[PDB]
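Only one chain is shown below, in structure tokens, and it's the form deposited in one PDB entry.
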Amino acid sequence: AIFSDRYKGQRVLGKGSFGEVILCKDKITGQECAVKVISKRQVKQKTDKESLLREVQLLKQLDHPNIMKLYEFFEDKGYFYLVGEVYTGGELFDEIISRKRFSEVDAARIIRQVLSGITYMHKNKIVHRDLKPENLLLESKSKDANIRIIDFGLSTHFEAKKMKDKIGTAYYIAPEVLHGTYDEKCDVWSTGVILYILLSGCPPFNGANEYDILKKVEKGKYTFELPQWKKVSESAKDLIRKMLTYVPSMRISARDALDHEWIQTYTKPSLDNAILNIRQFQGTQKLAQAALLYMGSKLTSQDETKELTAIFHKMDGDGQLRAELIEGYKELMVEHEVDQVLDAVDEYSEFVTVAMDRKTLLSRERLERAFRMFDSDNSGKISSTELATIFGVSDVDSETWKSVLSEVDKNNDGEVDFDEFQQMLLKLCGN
């Protein structure tokens, strides 16, 4: 069975763990599907091919309202295709940051759905291991919408260190996953971390960079000693303690977390400080991601323009080429789709300059949206202290970004506007 013989790509949906996610359409029935394309050369398999096929077959037969539905699985010489259901409500935290009010009832309603999904998958001997906010999608971008857990079962078969992929993962990993011996209790720990963030807006294990967060997770010590925890019930704190128990055999099960008094009481007072902190948290994570994407896209577009100029030169020394511009794009890469991308751009040098400038403007606009969102007081600038947090999350060395900051503007007074921030990212990816 061949994937392209059944589905056609419509548009990109986002970046997933182990691969890119494309919105596809069945060529006969018109059914829309989310397809994750895992490149075999950039991921690698940690199990035998027979074990993967067995897990996929089991996953296709499972059904729970809080677990993503997997429909199909294809494989060719260079890729794996995971075909499943489209959830259009966005990421859970992106919905929570838009709310004006959030309470323990809102938090418990969320955590009951995650724990229901997890309890079901653990009965079927499936472990997630990489449970995190990004893997919690909503069916609708609204309150009380159903939460679907994505990627439950892939970690056991695919190998995860590309920085843009690792960002936002160290907060949630169970300490025993770091040391190598782990079972289904690691999913309770990650849910405990998510619950701690929902009620305080701050991760229980934090640090200036990836390794500093992992050190805190490995020691496993945390506290409820922040002013915002004074406005939270002891029952919520008691559940978090059972969920963040260090020794996995002593940690509460997902089933026993659903039967905890906190879940049963609060799923039958606004946490204003928690909403303020979670916005700052999401903004920081999203600006670090956007910054790494921008740098990655600048190297990709620099490499592609060098490869594209060689293909278009060899095909000519007149210096001019409609039909040959189409053939050259397909050499680097639907004939109707390719024709339309070149018609939008409309001498091959001027065409290459217009097609590149169009990609550069769109790359600048995605980064700018994330910068604007991070700048919640609309000051137009981000401080040196905020740059340290952003570059810490994105794993850019301190002496390196401070040197680059000095080279962009010698008279920065510990702040950068958007244009200066963008200039610094260009210097950090060899431009």
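We call the rigid core whatever largest set of C-alpha positions still superposes within 1.5 Å between the two forms. The numbering used is simple: start at 1 and walk along the sequence shown.
Separately, the form deposited in another entry exists; it is not shown, and the next lines address it.
For the list 146, 98, 360, 233, which one shows a CA move of 2 Å or more between this form and the one not shown after the core is fit?
After core superposition, the one over threshold is 360.
Establish whether a shift of 2 Å or more occurs at the C-alpha of residue 256 between this form and the one not shown, with the two forms superposed on the rigid core.
Shift of 2 Å or more: no.
Taking the rigid core as the superposition reference, indicate whether the CA of residue 212 shifts 2 angstroms or more between this form and the one not shown.
It does not reach a 2 Å shift.
Take the rigid core as the frame of reference and indicate whether the C-alpha of residue 339 shifts by 2 Å or more between this form and the one not shown.
Moves: yes, 2 Å or greater.
Quick one: in the other form, is the Cα gap between residue 25 and residue 340 smaller or bigger than here? Answer closer or farther; it shifts by 3 Å or more.
Relative to the displayed form, residue 25 and residue 340 move farther apart in the other form - a change of at least 3 Å between their C-alphas.
So the CA-CA distance for residue 341 and residue 79 moves by at least 3 angstroms in the other form. Closer or farther than here?
Result: farther.
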